[PDB]
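Q: Protein chains in written order, with the numbering used here: chain A, 1 to 534; chain B, 535 to 1080; chain C, 1081 to 1173; chain D, 1174 to 1264. C-beta: ideal position from N, C-alpha, C; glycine also. Please see the structure below; I have some questions.
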Amino acid sequence: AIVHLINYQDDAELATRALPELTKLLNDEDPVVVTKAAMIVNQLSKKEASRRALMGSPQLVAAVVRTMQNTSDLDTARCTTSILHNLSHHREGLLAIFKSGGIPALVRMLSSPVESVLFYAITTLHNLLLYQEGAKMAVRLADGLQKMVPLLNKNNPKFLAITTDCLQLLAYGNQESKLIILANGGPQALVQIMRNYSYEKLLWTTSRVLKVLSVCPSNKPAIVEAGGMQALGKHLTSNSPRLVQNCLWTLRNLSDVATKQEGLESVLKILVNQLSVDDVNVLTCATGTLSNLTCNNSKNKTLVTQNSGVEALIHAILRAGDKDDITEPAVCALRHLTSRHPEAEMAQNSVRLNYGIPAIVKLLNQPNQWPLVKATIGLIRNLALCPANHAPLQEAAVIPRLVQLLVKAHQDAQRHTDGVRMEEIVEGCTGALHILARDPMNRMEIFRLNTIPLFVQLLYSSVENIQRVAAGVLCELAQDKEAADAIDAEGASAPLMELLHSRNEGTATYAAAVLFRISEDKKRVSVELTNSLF
Amino acid sequence: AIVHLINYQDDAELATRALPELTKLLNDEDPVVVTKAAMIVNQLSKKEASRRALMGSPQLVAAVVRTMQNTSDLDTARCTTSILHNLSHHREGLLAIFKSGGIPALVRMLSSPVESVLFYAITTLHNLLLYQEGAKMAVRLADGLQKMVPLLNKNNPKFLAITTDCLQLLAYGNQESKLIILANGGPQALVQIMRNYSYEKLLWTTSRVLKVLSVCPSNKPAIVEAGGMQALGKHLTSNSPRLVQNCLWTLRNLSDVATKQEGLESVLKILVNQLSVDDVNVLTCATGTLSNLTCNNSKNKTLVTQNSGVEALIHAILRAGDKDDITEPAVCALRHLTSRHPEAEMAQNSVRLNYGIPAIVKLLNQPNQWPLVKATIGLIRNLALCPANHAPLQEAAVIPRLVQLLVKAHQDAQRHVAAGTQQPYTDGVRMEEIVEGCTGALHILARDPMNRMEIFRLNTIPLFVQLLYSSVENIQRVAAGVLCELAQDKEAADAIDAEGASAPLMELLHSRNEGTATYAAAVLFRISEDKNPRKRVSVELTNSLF
Amino acid sequence: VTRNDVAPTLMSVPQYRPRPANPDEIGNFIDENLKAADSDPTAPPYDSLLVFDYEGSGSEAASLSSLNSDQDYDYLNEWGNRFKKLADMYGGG
Amino acid sequence: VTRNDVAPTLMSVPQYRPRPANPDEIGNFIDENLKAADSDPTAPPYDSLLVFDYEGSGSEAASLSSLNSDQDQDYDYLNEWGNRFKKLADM
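Written out as structure tokens, the structure is:
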């Protein structure tokens, strides 16, 4: 650069007083000259002194641009594709290119199978997407995406890094741009990149694209079906934190569609491992992606509980405290692991052995976080399934807190919340109370709380699910005469009779059972049940 | 019993003597007197000498039927439902019921929660469906089917056996009935039984319904999504041949839809284990079902190939010999296990290590089974990928047999295109497909030098070049591919140039399939190197845009 | 039997190197891309499906066990006049 | 964030015993069917989903390696291009 400094003012001024000529020839339409014109202009664009002169004139830039998207001579389309590349190294050059409509011309050059042409074309569009504003919506109009995605198969990691990023910039904040990429086999092409290349920058830029795509409702399936979950799961162990986090962001985003996915053993194993990692965002994405992957999947449930996942989740709830960003997903994941899988009875016990009762129960006292309360109630119900939890739960005063939630939610209900309906809370509490009322000592507390009148009312509910858990808690409650007397006196004797016709044989059974216990030391009921054709 | 035979004459006479009062009483306008009469009639129906006398009086049977579907009292419903149950044990009884409108009344009683009622009514209908021709059509019209599926949630295994059989009886052959069963959660409930119950008679009866349902394109997915594959696979190990066989038939009818199903580890394993069986029906079902489940499923592929699945298939092949009902699915399954999954290289090896190479290649000469030849041609291509297979294949003389199919399929294709007719007696297989397949196999095989000379001395070069002009890019590729490997030998390359291939190859460089676009160049390049006094072709592959 | 080929859609196309300019590098270009075309899972043969629909032949299950589980008619005598005709007939003296 | 409950998948529905006709078995009936009910896997609580959609924060690509040296640049060729290039040769 020392020589170019010496004759700098000469070179600059010499090139300036040669623009009209260079613009003249370059415009003079007969390739033999034009090609030789873009050749010398290409050489001038290699020096700073003359490069800035070239970008300074709108005429030359417009001339080069036009010549580019016309010529078919590789030499010419390579000679004009390299000047623009050069000029794009300057904000004034980017702006000139942009205004000359260089974007469409450059998009057209994304057809050529030639290294040079392709390399110059992409690095120049990249520079337009990184700096020159208004370029994004300009490239989308030039159908750039459609010509960039078929480029994802070129065997050049450096080239791929740039191309992927271009997609990222174009895809971000644009719902429509995301859909186009899908139509062109974007997900599969990107997910192949993740399985094949080791280049960390390409993996990272690519993971960022996958991140932006995973938010699209229609892209999610496409990425998971192509093996996105597994391909990103392999990169959770990388030595590049920025890569691990981009993959986690994506896995968490896709996790609501992978609940039926295949061979995710290694991924789950390290997701549970990441529940101990100190990095908060990691802990939060891993705890989130786990709550989703264990949704109605006995296999995942079993494998997760089989890798110290229950213990891992409780330790995450303890480190998180008032963070509903971690606690909620973690309580959902625990409720999942404690129900409907071969190892559920096991997880129900480990939560107690690992002192989760204290931490979990306390979560019932969260202010404007209903989703966490609803989730915790459900978790409590599952835990109440295990007979060994009946005491631990009464220790944490769950029965009081539950009936408090119950009464409140019943007032607001009889009257007429982050998507949480109060109707579901009545069911939740009554449902947990129905299970907790299996333990005798718990029946006393429930009966001392004067909850019978309430339960008897719920029998009138239109909600089937409500009537069932209601007639259930009464059922197990009438097991004792003292409580039964109250139930009889409250006028429950009638509604149960009309529940015997419930198409839900479950609640129907509960109804019958109650009636059979409230006439213990007090036949007309038996006739009603037997002597009925329908 | 002896007591009844002594008084058989008196009991029969007394019953008939009592018919006038019994009937009148049944027709009484007082529901109290009617119900009382249904009991006396019920008590009489519990004896042969009396039944025959009752079922012989159409007026009485009709009075019993009228009562059954007009009454709303339980005690009378038990009695009438009982009477018909007793009468349905006789031809003359079944008929009287059938023609007195018993089926409708019986169906109406299927709504009762009461065991006794439910039991009598259900077996009576069973007898009608079994022995009373006309009942099947008549139960469908009574919409009894919609009221039978909800009964599947009842606890009694014996009751379910009779209930599921009735479903099989109605459903068999009747597309309509199958859809009703599906719309009322049939598959859901049936697959549950196959998962909870161990009672063989119910497992068998239930399996037969599923088998019937598994032929319906609508019922298949529903059964599969209910875990049918898993629930049926569970019973491939029972000591009841009829059960096992029923599950196999059903597992095979479902297989084409379960290519995405998870948790088939167990099922897939016990299928491979049954390829060791002598039974031709078992073999057919297991090989066919394995073939499908390994269709585009690397997991299942890798799992089967991991559990001696490749070996079993080859034995299931050597034992079937010319039975294409077995060999075709077997070779397909084998083509699946030899490509597009982690353990593909292992399978390609265990095939040779099981002396399957000679037997499969023998399948190329199968007289009238193109679907098998096409499948075998594909399998030979995958096996050729493994370099250790080039020798056993060369030894089995695969190349000459392939070329024979090739030159044959090509001339046949050329004939019918010049005649604008369709190649007859080819079960969906197109002679084009066969050309592609043969050229593709040779393409791989030509990776071996010994095999190159074979292909060369057979004068196949002029034909491969004619394939470059094909409108099938899938053929353009392999044609150019095999020539690519052929052109790496000078004396072989000169001939490819003497055929005037330099021209059609220039067209392929601009091919939208970059695969065939590379094979083309590698040819233009290898024919000019040995002929280099070559430069001009490289300028063509570089000086071009778009 | 319905025979259908299924294309391996979950398989990714091979990756080819971009094209040089110097006809000296084309030698390596062709030799490189060639290695990619040889590992192309996108290319046939394709795995196939064999649709089966065997509904059986219509065998009859006839060995399903039954669900089955006093003697005097003397009660007729106390059922009033309505059943007098049947009292003198069956149960009674 | 949208929250959705998922009904239990392929869970074994509780099968109940038919109703007895006699009173003495009505107690046993209730007991038997009570056990089916108390173990109903189709009954809540249901597992839940939490549809995440973090679309990043539009970070900018940090220093990606370029795809493309100070050689000698002399315009000798200009002198042998006939007519309209002698103008540039003068410069």
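Against chain D, which members of the stretch 637-666 of chain B pass a CB distance test of less than 9 Å?
A: Listed by position, the residues of the stretch 637-666 of chain B near chain D (Cβ gap below 9 Å) are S646, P647, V648, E649, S650, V651, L652, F653.
Q: Tell me whether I2 of chain A is buried or exposed, calling it buried when 16 or more other Cβ atoms sit within 10 Å of its Cβ.
A: Counting from 1 along the first sequence, the entry for residue 2 of chain A is found at position 2. Exposed: under 16 other Cβ atoms inside 10 Å.
Q: Using a Cβ cut-off of 8 Å, which residues of the stretch 1232-1248 of chain D contact any Cβ in chain B, in chain order?
A: Listed by position, the residues of the stretch 1232-1248 of chain D near chain B (Cβ gap below 8 Å) amount to none.
Q: Say whether the stretch 407-418 of chain A touches the stretch 426-436 of chain A, bearing in mind that this needs 3 or more beta-carbon pairs closer than 8 Å, one atom from each stretch.
A: The stretch 407-418 of chain A is in contact with the stretch 426-436 of chain A.
Q: By the 10 Å Cβ neighbour count, where 16 or more other Cβ atoms means buried, how is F98 of chain A classified, buried or exposed?
A: As a working mapping, residue 98 of chain A is identified with position 98 in the first sequence. When all chains shown are included, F98 of chain A counts as buried.
Q: Which chain D residues are close to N465 of chain A, counting only those with a beta carbon under 9 Å from its beta carbon?
A: Here residue 465 of chain A is taken as the residue at index 465 of the first sequence, counted from 1. Chain D residues near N465 of chain A: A1216, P1217.
Q: Is DSSP giving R886 of chain B helix, strand or coil here?
A: On the second sequence, residue 886 of chain B is found 352 positions in, with the first residue counted as 1. Here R886 of chain B sits in helix by DSSP.
Q: Less than 8 Å between the beta carbons of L704 of chain B and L685 of chain B, yes or no?
A: Sequence index remark: in the second sequence, residue 704 of chain B carries index 170 (1-based). Sequence index remark: in the second sequence, residue 685 of chain B carries index 151 (1-based). No. Outside cutoff.
Q: Only counting the same chain, and skipping five residues up and downstream in sequence, which positions put a Cβ closer than 8 Å to that of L1156 of chain C?
A: Your numbering for residue 1156 of chain C matches position 76 in the third sequence. Excluding sequence neighbours, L1156 of chain C sits near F1163, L1166, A1167, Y1170, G1171, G1172.
Q: Taking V1224 of chain D as part of the beta strand (DSSP E), name the residues at either end of that continuous run.
A: Sequence index remark: in the fourth sequence, residue 1224 of chain D carries index 51 (1-based). Here the beta strand (DSSP E) through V1224 of chain D covers 1220-1224.
Q: Quick test of the definition: if touching needs 3 or more C-beta pairs under 8 Å, does the stretch 369-389 of chain A touch the stretch 323-336 of chain A?
A: With the cut-off at 8 Å, the stretch 369-389 of chain A and the stretch 323-336 of chain A touch.
Q: Is the number of C-beta pairs between the stretch 383-390 of chain A and the stretch 344-355 of chain A that are closer than 8 Å three or more?
A: Yes: at least three Cβ pairs fall under 8 Å.
Q: Buried or exposed for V473 of chain A, please, with buried defined as at least 16 other CB atoms from any protein chain shown within 10 angstroms of its CB.
A: Sequence index remark: in the first sequence, residue 473 of chain A carries index 473 (1-based). Buried: at least 16 other Cβ atoms inside 10 Å.
Q: Secondary structure at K523 of chain A, three-state DSSP: helix, strand or coil?
A: The residue labelled residue 523 of chain A in the question sits at position 523 within the first sequence. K523 of chain A: coil per DSSP, three-state reduction.
Q: If you draw a straight line from the alpha carbon of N834 of chain B to that of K803 of chain B, how long is it in whole angstroms?
A: Taking the first residue of the second sequence as 1, we reach residue 834 of chain B at position 300. Taking the first residue of the second sequence as 1, we reach residue 803 of chain B at position 269. If I take the Cα positions, the gap works out to 10 Å.
Q: Which residues, in order along the stretch 755-768 of chain B, keep a beta-carbon less than 7 Å from a beta-carbon of chain D?
A: Listed by position, the residues of the stretch 755-768 of chain B near chain D (Cβ gap below 7 Å) are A760, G761.
Q: Taking the alpha-carbon of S1212 of chain D as reference, which of D:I1199, D:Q1188, D:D1226 has the nearest alpha-carbon?
A: Taking the first residue of the fourth sequence as position 1, residue 1212 of chain D is located at position 39. Residue D:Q1188 is the option with its Cα nearest to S1212 of chain D.
Q: May I ask which residues mark the beginning and end of the beta strand (DSSP E) holding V1179 of chain D?
A: In the fourth sequence, residue 1179 of chain D corresponds to position 6, counting from 1. Residues 1175-1179.
Q: I'd like to know if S606 of chain B contacts chain A, where contact means its C-beta is closer than 8 Å to some C-beta of that chain.
A: Looking up residue 606 of chain B in the second sequence gives position 72. True, the Cβ-Cβ gap to chain A drops below 8 Å.
Q: Tell whether a beta-carbon distance below 8 Å holds between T76 of chain A and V34 of chain A.
A: On the first sequence, position 76 is the one that residue 76 of chain A refers to. On the first sequence, position 34 is the one that residue 34 of chain A refers to. Cβ distance < 8 Å, so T76 of chain A and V34 of chain A count as in contact.
Q: Using a Cβ-Cβ cut-off of less than 7 Å, list which residues of the stretch 190-207 of chain A approach chain C; keep chain order.
A: Taking 7 Å as the Cβ-Cβ cut-off against chain C, the residues of the stretch 190-207 of chain A that qualify are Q192.
Q: What are the start and end residues of the alpha helix (DSSP H) that includes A483 of chain A?
A: What you label residue 483 of chain A is simply residue 483 of the first sequence in a count that begins at 1. Start and end: 481-489.
Q: Check whether chain A comes within 8 Å of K1260 of chain D, counting only Cβ atoms and requiring the distance to be less than that.
A: Position 87 of the fourth sequence, counting from 1, holds the residue named residue 1260 of chain D. Judged by the 8 Å Cβ criterion, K1260 of chain D is in contact with chain A.
Q: Got a sec: which bits of the stretch 77-91 of chain A sit with their beta carbon under 9 Å from any beta carbon on chain B, in order along the chain?
A: Residues passing the 9 Å Cβ filter: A77, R78.
Q: Which whole runs of the alpha helix (DSSP H) in the stretch 1199-1261 of chain D are 4 residues long or more, in chain order?
A: As far as the stretch 1199-1261 of chain D is concerned, its whole alpha helix (DSSP H) runs of at least 4 residues are 1199-1210.
Q: Can you pull out the residues from the stretch 1095-1119 of chain C whose beta carbon lies closer than 9 Å to at least one beta carbon of chain A?
A: For the stretch 1095-1119 of chain C, which is checked against every Cβ of chain A, the residues closer than 9 Å are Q1095, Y1096, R1097, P1098, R1099, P1100, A1101, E1112, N1113, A1116.
Q: Under 8 Å by Cβ, that's how I've got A511 of chain A and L500 of chain A pegged, so tell me the actual separation to the nearest angstrom.
A: Within the first sequence, the letter at position 511 stands for residue 511 of chain A. Within the first sequence, the letter at position 500 stands for residue 500 of chain A. The pair is a contact, with the Cβ atoms about 5 Å apart (cut-off 8 Å).
Q: Just to check, is the beta-carbon of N1148 of chain C closer than 7 Å to a non-hydrogen atom of the ligand MN?
A: This structure does not include the ligand MN; it has no bound ligands of any sort.
Q: Please state the DSSP three-state secondary structure of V648 of chain B.
A: Numbered from its first residue, the second sequence carries residue 648 of chain B at position 114. Three-state result, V648 of chain B: strand.
Q: Could you please give me the residues that DSSP links to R869 of chain B through a beta bridge?
A: Counted from its first residue, the second sequence places residue 869 of chain B at position 335. Partner(s): none; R869 of chain B has no beta bridge.
Q: Anyone know if the C-beta pair for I317 of chain A and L283 of chain A falls short of 8 Å?
A: Here residue 317 of chain A is taken as the residue at index 317 of the first sequence, counted from 1. Here residue 283 of chain A is taken as the residue at index 283 of the first sequence, counted from 1. No. Outside cutoff.
Q: Which residue wins for smallest C-alpha separation from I617 of chain B, given the options B:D790, B:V963, B:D564, B:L560?
A: Looking up residue 617 of chain B in the second sequence gives position 83. It is B:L560.
Q: Span of the alpha helix (DSSP H) holding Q188 of chain A?
A: For the purposes of this step, residue 188 of chain A is taken as the residue at position 188 of the first sequence. That run of the alpha helix (DSSP H) goes 186-196.
Q: With distances taken from CA atoms, which of B:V1071, B:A820, B:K908, B:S1078 is nearest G1107 of chain C?
A: On the third sequence, residue 1107 of chain C is found 27 positions in, with the first residue counted as 1. Among B:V1071, B:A820, B:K908, B:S1078, the Cα nearest to that of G1107 of chain C belongs to B:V1071.
Q: Answer yes or no: does any C-beta atom of chain B fall closer than 8 Å to that of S177 of chain A?
A: Translated into positions along the first sequence, residue 177 of chain A becomes position 177. Not an interface residue.
Q: If the cut is a Cβ gap below 9 Å, which residues of chain A does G797 of chain B touch?
A: Numbered from its first residue, the second sequence carries residue 797 of chain B at position 263. Going along chain A in sequence order, the residues near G797 of chain B (Cβ under 9 Å) are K299.
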